[PDB]
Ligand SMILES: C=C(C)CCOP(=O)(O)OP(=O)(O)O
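Let's start with one chain on its own, the form solved without the named molecule, as structure tokens.
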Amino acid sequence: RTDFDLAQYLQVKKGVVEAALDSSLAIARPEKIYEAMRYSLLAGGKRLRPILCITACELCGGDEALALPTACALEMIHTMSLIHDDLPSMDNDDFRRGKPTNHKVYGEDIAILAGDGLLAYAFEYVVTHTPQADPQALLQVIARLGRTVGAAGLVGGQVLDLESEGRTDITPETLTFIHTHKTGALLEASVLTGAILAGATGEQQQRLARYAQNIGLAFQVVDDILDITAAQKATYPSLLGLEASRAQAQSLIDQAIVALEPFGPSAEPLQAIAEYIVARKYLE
């Protein structure tokens, strides 16, 4: 075919990622921990973070093989965060995409440890499967992954989100601060790790970071819009009204697209992903 089809592009990359994730975990003793890690890792989904990593690597001159281990690591980290967020002590979710959550199948103890095991394996996998990377670039990827997961990123975001519950002084700025930690850090790491592996310049990385921060926040504003149009927490529409929230969501997507224009037409897949994820949220 001659026509670029984003849905086909994403389906093909998703299949590459899912085959690598499945091969990454062979069952060994104790079988239950491998079963529990595979249960959540191989549950499916959009695989947005690994796809962003591979796509940003290719944008910057790299290839799928260079990015694929880091892409898998980002999905292991994403999966850990979902297992830990679903637990009874946090969101207390019995289902995820209409299937029982990890702790409901394997128990809370094994779910906690499966999350820990996926985070550990993320780091091991990046190193052992990327011998062709420049060693200093690969260490930069490790440092970025560790900073992204921890108290200054995803885990800090989870704590700021818990602290916001049932407060009367939440502002759009403080909601944005929660989201930039809880989701933005890992979306930024997804594009920046692929860029770093490919040797992208600082200037190129800054454009990719603006793209990632903008799409991440747009996704959260659109989630809030759909929730309100369908434990007390303020949301963008409850703080700003629906008119201003819809305008903000559109502005953030437009800003993400503009951020990548200076790469040229090579940026068109990343630019299209911004609008596609939003359009799919309105259809689902």
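Residues carry their position along the shown sequence, with the first being 1.
Below, we turn to the form deposited with the named molecule bound, even though it does not appear here.
Superimposing the C-alphas around the site, does the named molecule, as posed in the deposited bound form, end up open here or blocked, where blocked is 3 or more of its atoms within 2.4 Å of backbone or C-beta atoms?
Check passed, pocket reads open.
The named molecule isn't shown here, but in the deposited bound form, which of 139-147, 166-174, 123-131, 89-97 has heavy atoms within 4.5 Å of it?
Checking each option against the 4.5 Å cut-off leaves 89-97.
Does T183 make contact with the named molecule in the deposited bound form, using a 4.5 Å heavy atom cut-off?
Taking the distances in the deposited bound form, the answer for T183 is yes, it comes within 4.5 Å of the named molecule.
Is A198 near the named molecule? Define near as a heavy atom within 4.5 Å, in the deposited bound form.
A198: no, not in contact with the named molecule in the deposited bound form.
Although the named molecule is absent from this view, report whether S81 comes within 4.5 Å of it in the deposited bound form, heavy atoms only.
Looking in the deposited bound form, residue contacts with the named molecule include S81, since a heavy atom lies within 4.5 Å.
I'd like to know if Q158 sits close to the named molecule in the deposited bound form, meaning any non-hydrogen atom pair within 4.5 angstroms.
Yes, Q158 is a contact residue.
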